[PDB]
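Residue numbers (my numbering), protein chains in the order written: chain H, 1378 to 1722; chain Y, 3 to 202; chain L, 15 to 799; chain S, 3 to 287. Where is the CB? At the ideal position from N, CA and C, for every residue including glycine.
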Amino acid sequence: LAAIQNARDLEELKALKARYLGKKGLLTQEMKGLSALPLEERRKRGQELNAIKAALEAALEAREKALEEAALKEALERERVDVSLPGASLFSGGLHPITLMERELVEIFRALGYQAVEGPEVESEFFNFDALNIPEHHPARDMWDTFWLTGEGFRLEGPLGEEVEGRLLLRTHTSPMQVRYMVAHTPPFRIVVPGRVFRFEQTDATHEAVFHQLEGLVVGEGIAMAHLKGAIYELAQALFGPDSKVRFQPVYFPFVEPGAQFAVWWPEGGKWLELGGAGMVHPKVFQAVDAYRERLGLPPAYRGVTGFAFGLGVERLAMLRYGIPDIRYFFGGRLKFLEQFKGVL
Amino acid sequence: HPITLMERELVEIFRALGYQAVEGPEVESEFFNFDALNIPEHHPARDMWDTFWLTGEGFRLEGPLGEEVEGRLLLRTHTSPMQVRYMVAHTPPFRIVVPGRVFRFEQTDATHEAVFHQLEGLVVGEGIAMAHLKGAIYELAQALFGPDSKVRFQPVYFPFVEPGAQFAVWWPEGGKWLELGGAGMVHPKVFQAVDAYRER
Amino acid sequence: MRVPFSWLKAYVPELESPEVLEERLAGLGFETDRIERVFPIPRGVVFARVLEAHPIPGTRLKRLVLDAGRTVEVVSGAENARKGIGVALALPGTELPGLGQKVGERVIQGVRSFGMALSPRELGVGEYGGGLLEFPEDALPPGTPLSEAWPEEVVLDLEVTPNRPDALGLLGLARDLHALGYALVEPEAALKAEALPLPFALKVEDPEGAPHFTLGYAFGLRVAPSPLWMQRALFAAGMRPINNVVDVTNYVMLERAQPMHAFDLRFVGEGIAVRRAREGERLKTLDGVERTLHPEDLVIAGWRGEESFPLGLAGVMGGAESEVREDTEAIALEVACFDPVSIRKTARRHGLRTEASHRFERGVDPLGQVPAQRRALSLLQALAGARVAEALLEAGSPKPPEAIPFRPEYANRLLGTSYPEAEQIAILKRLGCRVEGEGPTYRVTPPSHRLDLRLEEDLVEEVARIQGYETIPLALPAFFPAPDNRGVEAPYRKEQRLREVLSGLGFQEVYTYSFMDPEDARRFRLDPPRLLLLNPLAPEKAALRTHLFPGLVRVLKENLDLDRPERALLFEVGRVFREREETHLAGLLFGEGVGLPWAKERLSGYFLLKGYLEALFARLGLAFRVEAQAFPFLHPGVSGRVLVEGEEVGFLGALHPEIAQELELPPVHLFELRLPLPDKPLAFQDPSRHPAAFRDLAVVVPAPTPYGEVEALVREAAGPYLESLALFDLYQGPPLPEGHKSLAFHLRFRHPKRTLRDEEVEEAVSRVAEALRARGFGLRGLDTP
Amino acid sequence: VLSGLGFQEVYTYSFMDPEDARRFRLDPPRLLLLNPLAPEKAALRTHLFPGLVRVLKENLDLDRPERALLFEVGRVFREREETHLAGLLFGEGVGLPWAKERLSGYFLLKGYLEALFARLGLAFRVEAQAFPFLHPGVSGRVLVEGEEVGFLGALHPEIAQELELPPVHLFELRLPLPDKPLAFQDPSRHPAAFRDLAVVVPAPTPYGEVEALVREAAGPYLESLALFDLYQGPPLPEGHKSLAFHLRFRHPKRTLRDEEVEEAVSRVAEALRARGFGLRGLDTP
RNA sequence: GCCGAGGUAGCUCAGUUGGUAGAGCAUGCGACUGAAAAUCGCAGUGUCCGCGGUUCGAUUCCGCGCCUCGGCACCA
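Below, the structure written as structure tokens:
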């Protein structure tokens, strides 16, 4: 502050001392002899020249240099700051554990050649259970609890942007989108559809109203059960490491035949975790996609095609992996709870 | 930085194809760099790369399984040195891609440079065939320049591969046939060196 | 290479379309660099016969008398200007290429020059502008145009790879085309030799430098210029013609990778010795030099009884004075196989880049010297008349190529293809191979010229090349990776994830070279560079970076110099070399920093960058402390080392004003950690539901004391039920007992079960009060106000 | 990016209580449930902010945090179904902890917005336009790459009092926003002309107004353009506001012959006069 | 190894009849300033690759090496 700007203007006085001098000095040898100086060689061309000139350097370089040592010292007295002290209060930020858990599972599979599409939350009976072989008055309808919707205005665009005829609701499972994909696109493909799902259920520590699932399929010529066994395994390996096992047991699902429930060995967890349910897609699900495609003048695509699909609730893993108590927490949007997952990669 | 976008994008393209990305040391050692990749000295193959040869005391060049290395010091011309550093430490099969900074003794201009970045990689295992590399190098053309992109394969010479080739990729709307890289079925002598070393 | 089209069609006729060829080759593996049409012979350039050459008095010019089918003079200055040869006359009024100007009838020193005889460059057939073209005087009917016998030419620049040394001669190439379906017309130069003893010997001294040698003898030589088609060829290839004898030496070199020298027997002595050049030996290498020799060099010498003398530097140059010219009448033709490295070093030593060395350094058919002899002598016998001796001097027995396994199906299992056996046999069997097998494993012996064919695999790319790399189908692999490979991406992604966060955070990524100028060590006051380059790009790009900040600041400076930015918050993560090799994270702050643009007040400097650090750290799941500790380069008063999750990984501070002034730039703040930093796993603490005790206080503590001190004490005396703890007000001055600083703390207690009975927060506060007294730290409600 | 940026992700239910429509002064719920979980979880969300603030409140009620900068990206239902991005600011904001002065409020959250936008390769303007729920004096709608995707403002103090909580600032865009492809502009090597000025303009006028005028009158060779000082009062002719501008010219070839920056400045001076905007070197001082 | 040119500031660079070794710009200080831009008025940092010498300043010359260039043919 004090000795810096004072002498830097004061050495500039010397920079102005070099040219108030530089002129009188340059106004002797250059003005008395431009063409006639090499005629007036000894005495004059040596006195007012050579001699005085070295002043125009020693005083220049000294007020230019003998100022840095005294000024640069004035800053050594100033910032004598406390290194440790809360610095500017920037916002941290951070993700939500469903996002980490979801993205992680999205990666695991993408890394296996899978693509992730996302479907509408507000579905329509036909697309949701129906197209997936779940007709009404079916104790299969009793396996899911639907929030049935009502309201005027909402336009439910289906697959190829066309509007849909059906009864409105909130998607129980992400499968509705498994069919919305198959009408719009042609095989083969490997896709995974993550999203929020809605059940008419009694909120507690292990059960919930809203939730997230990730389901997916791989359809194409020649796909076999062996393939789903292959995948569901790779998911066990990348999630619980190289001493992890998978288990398959038959189970009933309207959209798949054969059907099964995978359970995964959690090496250090010591228990046999449950996880999801999958199976080789049902023939009638291919008929519905083609029936619909034809309604839209879209040549049929799933004639000679085989295909498996799987589905597992994110919500569970997110509790097993990131060790959480009750399911309510995520949606109970609480700060001190959420703030523990701001640090996860 | 654009190398990061460009790198990560290419890292994704391949990871999405089942590939893993490992990263190697910048300061390599003659044996690991050209040598282990079938490039002995006094070989006009050595003349295809311009090495910054290094000198200094102190630097400890840990190899694969943390063991120190006997060889002459340098700056990796290509990322291949790490293709072998992987094969000694791990067992097959695997699909990996090794990105990194590379260093050539060259005359800096608008199209040429001193420092640069490459991404190389391999897939080794029982039953892998040329058809497979054709398969991959294609998938890279598709995911980079979309569904009307083509790939072209022509033979070329590389010490570490037999057969060898140079891929060129059709850039639909670019109208030209871009060059890109060079690849090939790995050479038998590169497997011998890895095993020779493993036994050491 | 440099491939004259017509010439190639000589060995493989029915080739047609140089573009269809270029295509064919690049499919075989040869990248054509450029295609060129050459030989645009003007209509006005006709062929004249020189009748006489008379000097024009006391001047250098010569007045030649020609006949473009109608006797006419022209005065030349050129040396080769003599009677007896054929020349290329550019009639007056003839527009020339390399000349640019037009020829006309002109008066020179007393004579009327009717046009002018041209040099190669003048006509435009090669860069040799020091001498007229020289053709056999009987060449073409005196007066016919030259274009008639000099049809234009297409020449293509190939890119022959190092493994293809058979592809350095037209016939190597030819042979490859033949594999695709083309007919091979191998010229048979069958000579007429009479059996008589050759008047010279051949004694080889170092057989592992010249494994295979050959000396042939042709005498009775009628040295003249070489016929047009042969001049057209040599030029067409990018060479200059000399005399039928030497041209036949180049012609066959070009025709099949064989470098050969013809030595005038005059200068041979008793015979040819091939040895290592003895110290103190100097030769006048053909291009006109006195290359003082080294004992590593290999030399072709001749001896006269005692002394042994250098005639040519083996496998590179030669010429000297033993060179073939006008008065030649007999020659010893050299055709040997030299050891690549004995040449490759010698030639890279003397600074030589010969068509012939280049050929030898790659390698030559170690069994093609004898056939090469015949081509050259039969050629020589025709072109130069020479009577040749049926008797060469073969020294060095070569060994026939080794036979390779080759299982047709292996070739297929490798290519993913399905080429039938039969088909793949033919490919090799017509690439000129010895396939002696019953099947399934066949055992093939490659022709002598294919050095590139050692392993079975060399053989597979032979089948998938003729077949086409465009017949290997696309397919993808499916497989369960080996257990140990599973996860190797993890270290990586964690580093990539760091650049991402460092980015959304608010840092602009920079990439700097890894070269450091040794110089900086002093400017930045840091430990001396660990590694240095043996061939730096510049004295300043001499050693490698021990730190990233030198470059980061350097880089910053260059930005003020160019863009005068107001602030910048960059970051970099390159490799750093010293002792070992590490990944480092660094970044510098600078300028005004955050705040309001239309408000006179900013928020910046050290605490800015210090805040950006804690912001970062928290979002990383890691613990961050900066403790003080001056570092050589930083500023003494604002310098501390970064402490992540317990440990010291780097520093954070300002810059030492010495350097600031030293580098013309103002204040900058920076840091450099080392990666990877640690990773602390998710510790899920369930929070309580019952409220918290919001109590509060302040401490006096001595001026030059640290925050992290008071704070670490407060926190461990607070016990387990403390929650938050934040400094919210600092104080310097009175009402404080001079030389102290009041640090205000928002406290906060909470029980993870029932609530806090208050008297409990009190006794808690008691220990904190206690440990302050037990340290010399007074209060507000107890010790100073 | 919303995360490294400095926003803590929140997830809220998609059920809306019909009730809010009045509290938050917004258009009536489009869909209702036939079997709601509770009268309050009866219809679905037309906006995300109701819940974001709701959620915030519950945090004061429980944790008494000092500030919070959250963000959410759930599904919103009305007419069609969309993805929305919203987030609210609150409390003291950035600044120094041992310094009595903070930096926060609207411009804080407004700055975090432009910070975000830039790192997105997108263009961002906030033009004024009171919205039913926001505060009349601090309410404008977000304009990304030319278009209106949402709003940014404070809260209508009616509701603040209605909900026991203090001032909050928020925004809600609709996704996806656009994506502008890489336009690689090569920069020049020759220095730039650093000129400068100030404009008087009538009190209730907008910044984005003066600025849009300045910029298109500046011509093609303008580079940067930043407000660096604002003024309310005398020596100004009562009821005006002096906006100071750091200008900056640069030629992508040769340099600028100065008299050229001048004639350039002439058009800017011109269009200010042609609008009623006086200067410093010409119209008020 | 070669035949001839450039290397001038905080950028870009003409560059000689050497006399203001700059000009476009851009840089700092004293009036105008709530505060900055034009005007005013004032002077400047610049190893002119690095070093040997020459005039007054050492870039008009002449040395060796440097950094960038156009022609000699084969290289992830």
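Asked	Found
Range covered by the beta strand (DSSP E) that runs through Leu229/S	228–234
Residue 288/S - containing beta strand (DSSP E), residue span	The shown model of chain S, from 3 to 287, leaves out residue 288/S, and the question about it has no answer.
In DSSP terms, what residue 12/L is bridged to	In the structure as shown, chain L begins at 15 and stops at 799. Residue 12/L is therefore absent and cannot be evaluated.
Through-space distance from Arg401/L to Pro211/L, alpha-carbon basis	13 Å
Span separating the alpha-carbon of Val101/L from that of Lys76/L	15 Å
Within chain L, partners of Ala133/Y - CB distance below 8 Å	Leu429, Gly430, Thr431, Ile486, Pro487, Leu488, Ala489
Same chain, Cβ closer than 6 Å to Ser141/S, five either side skipped, listed in chain order	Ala132, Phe133, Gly155
Residue(s) in a DSSP beta bridge with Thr306/L	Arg296/L
Contact under 8 Å by Cβ, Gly76/S with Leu172/S	no
Chain H contact for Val57/S (CB, 8 Å cutoff)	yes
Residue range of the alpha helix (DSSP H) that includes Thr1476/H	1474–1487
Buried/exposed call for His1514/H, threshold 16 Cβ in 10 Å	exposed
Within 8 Å, strictly: CB atoms of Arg96/L and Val125/L	no
Identity of the residues DSSP links to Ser90/L by a beta bridge	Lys76/L
Through-space distance from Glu201/Y to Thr93/Y, alpha-carbon basis	13 Å
CB contact check: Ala117/S to chain H, cutoff 8 Å	no
Inter-stretch contact (C-beta, 8 Å, three-pair minimum) for the region 246–262 of chain L and the region 151–161 of chain L	no
beta-carbon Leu1526/H near the ligand FMN non-hydrogen atom, thresh 7 Å	Within the structure as shown, the ligand FMN is missing, as the structure has no ligands at all.
Proximity test, Cβ basis, 8 Å: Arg1480/H and chain L	no
Residues in the region 1480–1507 of chain H having any Cβ partner in chain Y nearer than 8 Å	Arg1487, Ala1488, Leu1489, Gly1490
Per-residue contacts from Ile130/Y into chain L (C-beta, under 7 Å)	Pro491
Complete alpha helix (DSSP H) runs within the region 617–655 of chain L (minimum length 4 residues, chain order)	619–632
Test item: CB-CB of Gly1490/H and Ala18/Y under 8 Å	yes
Which listed residue (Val338/L, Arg507/L, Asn258/L, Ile99/L) has its alpha carbon closest to that of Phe281/L	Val338/L
Presumed contact (8 Å Cβ cut-off) between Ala492/L and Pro99/S, rounded CB distance	Wrong, their Cβ atoms sit about 57 Å apart, outside the cutoff.
Residues near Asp743/L in its chain [Cβ-Cβ closer than 7 Å; skip 5 each side]	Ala758
Coil, strand or helix - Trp1525/H by DSSP	strand
For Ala207/L, the three-state DSSP class (helix, strand or coil)	strand
is_contact[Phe1588/H, chain S] using C-beta, thresh 8 Å	no
Completely contained alpha helix (DSSP H) runs for the region 365–444 of chain L, where each covers 4 or more residues	369–376, 383–398, 422–429, 435–443
Which residues DSSP lists as bridging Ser1501/H, in chain order	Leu1545/H
Short-range partners of chain L found in the region 165–181 of chain S, where Cβ spacing is below 8 Å	none
Supposed contact pair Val502/L and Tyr433/L - C-beta distance, whole angstroms, cut 8 Å	Incorrect: roughly 37 Å between the Cβ atoms, too far for contact.
Inter-stretch contact at 8 Å, needing at least 3 Cβ pairs: the region 268–284 of chain L / the region 333–353 of chain L	yes
Length at least 3, wholly inside the region 123–166 of chain L: the beta strand (DSSP E) runs in chain order	125–128
C-alpha distance - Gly97/S paired with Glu1498/H, whole-angstrom precision	41 Å
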